[PDB]
Structure formats: C-alpha cells, structure tokens
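Visitor: So I've got this experimental structure, pasted below with the sequence.
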Amino acid sequence: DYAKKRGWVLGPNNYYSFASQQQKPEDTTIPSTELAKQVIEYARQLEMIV
Amino acid sequence: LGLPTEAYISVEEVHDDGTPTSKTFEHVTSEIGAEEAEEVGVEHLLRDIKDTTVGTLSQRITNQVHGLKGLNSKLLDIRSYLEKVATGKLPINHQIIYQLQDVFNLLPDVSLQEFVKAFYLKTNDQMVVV
Amino acid sequence: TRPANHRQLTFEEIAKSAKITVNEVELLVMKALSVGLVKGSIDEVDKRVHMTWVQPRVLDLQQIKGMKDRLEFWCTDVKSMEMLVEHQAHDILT
C-alpha cells in the first residue's frame, strides 16, 4: 500500500526517491533583463535633484 | 537621425560570371572636422535648444537609444529588399546572398555555455568598486 | 546540413556518409582545411571535429523565405528591447 500509494517504483528491486532537484541551468537572460532595470534605477536616483 | 555626408570613389570590377568588366562606385568612410577659427562661430550660433545633459545623462542617450534606432532602420531596409525578390526583381547576385549567410553565421554563439561563468565574474568585480 | 546549434560531428558519421575507412578521415579533413574552404579544429582524443565556418553557396527562391522569416522576428526583438530602456529611464532624458 505504501509502495503503490507513494512513489519509488520497485522495478529492479530498487526503491528510488528523486532527491537531486538541481534545475536552474545557465540562464543569463533573466539577469540580462532585471539587472538592466536595477542599474537604470541606480543611475536614476543619482543625478536627479533631491 | 543620421549624418549628412557620404563619400564615393570610382573603380573597375572583374566578375566570376564572365560578365564584362564593370565601372562602378566604391564606399569611403567620412567624418566632420573642425578649425578653431570656425567653432567659435558655430558655438556663437548654436543658440537653438538644450544639450549637454552632463555625464551619465548624455552617455545612455548618445550611445544606447540613438544606437538601437539606427540598427533597427538597417534591419528594416534589408527586410524590404528581400521582398522584391518575390518576382519583383531578379536576384541581383549570389554575392549578396553569400554575404547575408556570413552575417547570420557569424553572430555570437548562444549565450548558453561556460561563457556565463566568465560573465558573472566581471559583473561582480564591476559592481564591488561601485 | 546540420543546424548551427551543433555543427559538430564524429568520425563514424563522415566515414559512413562518404564510405571511406575511418583511419583515412583525418587526412581528408586536413585536406579540406588546407585548401581553405572550411575552418575549425579537430579533437582527436574522442574522435570529434568542430567546423565553425563554411563556403557560401547559391540557393533557391524558397529557401530565402527562411531568411526573411528569421530576420523578421529578429527585427522585432530590437524594437521590443528599445521600448524598455526608453521608458524606464524616461526622467533622465526622454
């Protein structure tokens, strides 16, 4: 009941649980957008009169 | 937005198609220059509009926005020409197609490999001193 | 033939496709390089080669539709990227 209730397909006598979950590949693009937003803001509130 | 002058010189072209020798223009790079006896007059006359939003203000305008607008106009021009080849005009040469294939081959490799690591290093160093 | 994402290939593939024995293939590619029609490098320890540039060739009136297709949505990307920086920094200078 546990086996067919949770995971660990017991095929070749092996009970395996997925415990790697690396994901997050080389993804410079999301930086390439949000970091540009960020730097534009730095330069925004740097020379404007306070 | 642009620059008011272009420069051309005359040359003779051979051909690989066996077409006879052609007499045709060739491009030369150009610029505006100045003399101290004139820029005094130019500046006395340049009372028309704002300028010189100093330092960080002038960088991004002068070298991001007015860059991208130009690059866009160029790609629109290529875009238009590749219509006429829809039977509107004869393929002017395989030359122009070879050049286009070089363009789309050269453009930088997908930003997907360990290039990424090398990029993060410099961004850290660039910001720390800030 | 291969898409620009790869343009990398092993000895066996050429050896079969040109039906020449594997031990010759090195000299073949070296010849190819030396006459100057193709550029890249060879990585013999694992039997692979990389080929970064190749002679242009003529092509037909339907293949160029691919060129126009790629170029169009490359073009739209520039305008999209311009809108952002022209907007978010509006107050520094519009």
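Guide: Nice, thanks for sending it over. Residues are numbered from 1 along each chain as shown, chains lettered A, B, ... in the order given.
Visitor: all helices of chain B, in order?
Guide: Taking DSSP state H, the helices of chain B run over residues B:36-45, B:56-60, B:66-84, B:94-106, B:115-129.
Visitor: Using a markdown table, lay out those together with mean neighbour count.
Guide: For every residue, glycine as well, the C-beta is placed using N, CA and C. Output for the helices of chain B, formatted as a markdown table (neighbours: other Cβ atoms under 10 Å in any protein chain shown):
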| stretch | mean neighbour count |
| --- | --- |
| helix B:36-45 | 9 |
| helix B:56-60 | 15 |
| helix B:66-84 | 13 |
| helix B:94-106 | 14 |
| helix B:115-129 | 10 |
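Visitor: closest to chain C out of those helices?
Guide: Nearest to chain C among the helices of chain B is helix B:94-106; the distance by Cβ to the nearest Cβ comes to 3.4 Å.
Visitor: and the angle for that closest one with helix B:66-84?
Guide: With axes from the mean of the first three to the mean of the last three Cα atoms, to 10 degrees applied, the angle from helix B:94-106 to helix B:66-84 works out at 130 degrees.
Visitor: Helix B:94-106 and chain C, any residue contact?
Guide: Yes. Against chain C, helix B:94-106 shows contacts by Cβ under 8 Å from any Cβ of the partner chain at B:94, B:97, B:98, B:99, B:100, B:101, B:102, B:104, B:105.
Visitor: which residues touch that helix?
Guide: By Cβ atoms under 8 Å, 6 or more residues apart in numbering or on different chains, the list of residues contacting helix B:94-106 from outside reads B:78, B:91, C:4, C:53, C:54, C:56, C:57, C:58, C:59, C:64, C:67, C:70.
Visitor: Restricted to strands, list the residues you listed.
Guide: C:53, C:54 (DSSP state E).
Visitor: The longest helix seen in chain C and chain B in contact?
Guide: The longest helix of chain C (DSSP H) is helix C:63-88. Yes. If you take Cβ under 8 Å from any Cβ as the test, helix C:63-88 does meet chain B, through C:64, C:67-68, C:70-72, C:74-75, C:78-79, C:81-82, C:85-86.
Visitor: just curious, which of those residues is nearest to residue B:116?
Guide: residue C:81 (19.7 Å; Cβ to Cβ).
Visitor: Correct me if wrong: the closest one contacts residue B:69.
Guide: No. With contact defined as Cβ atoms under 8 Å, residue C:81 and residue B:69 do not form a contacting pair (11.6 Å).
Visitor: before we move on, back to that, which one of the helices of chain B lies closest to residue A:6?
Guide: Evaluated over the helices of chain B, closeness to residue A:6 peaks at helix B:115-129, with 37.0 Å, by Cβ to Cβ.
Visitor: nearest spatial neighbour of residue C:81, skipping sequence neighbours?
Guide: residue B:68 (6.9 Å; Cβ to Cβ, 6 or more residues apart in numbering or on different chains).
Visitor: quick one: the one you found and residue C:78 touch, right?
Guide: Yes. The pair residue B:68 / residue C:78 is scored as a contact, 6.0 Å apart, by Cβ under 8 Å.
Visitor: re earlier: please pick the buried ones from the contacts of helix B:94-106.
Guide: With burial judged by 16 or more other Cβ atoms under 10 Å in any protein chain shown, the buried subset of those is C:64, C:67.
Visitor: any chance of the contacts of helix B:94-106 in TSV, with distance to chain A too?
Guide: Output for the contacts of helix B:94-106, formatted as TSV (distance: Cβ to the nearest Cβ, whole Å):
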residue	distance to chain A
B:78	25
B:91	37
C:4	19
C:53	25
C:54	27
C:56	31
C:57	33
C:58	36
C:59	32
C:64	29
C:67	25
C:70	19
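Visitor: which ones are touching the residue in chain B positioned nearest to chain A?
Guide: Going by Cβ to the nearest Cβ, chain A is nearest to residue B:116 of chain B, at 4.1 Å. Contacts for residue B:116 (Cβ under 8 Å, 6+ apart) come out as A:26, A:28.
Visitor: how far away is residue B:122 from residue B:94?
Guide: 42 Å (Cβ to Cβ, to the nearest Å).
Visitor: Repeat that for residue A:38.
Guide: For residue A:38 relative to residue B:94 (Cβ to Cβ), the value is 47 Å.
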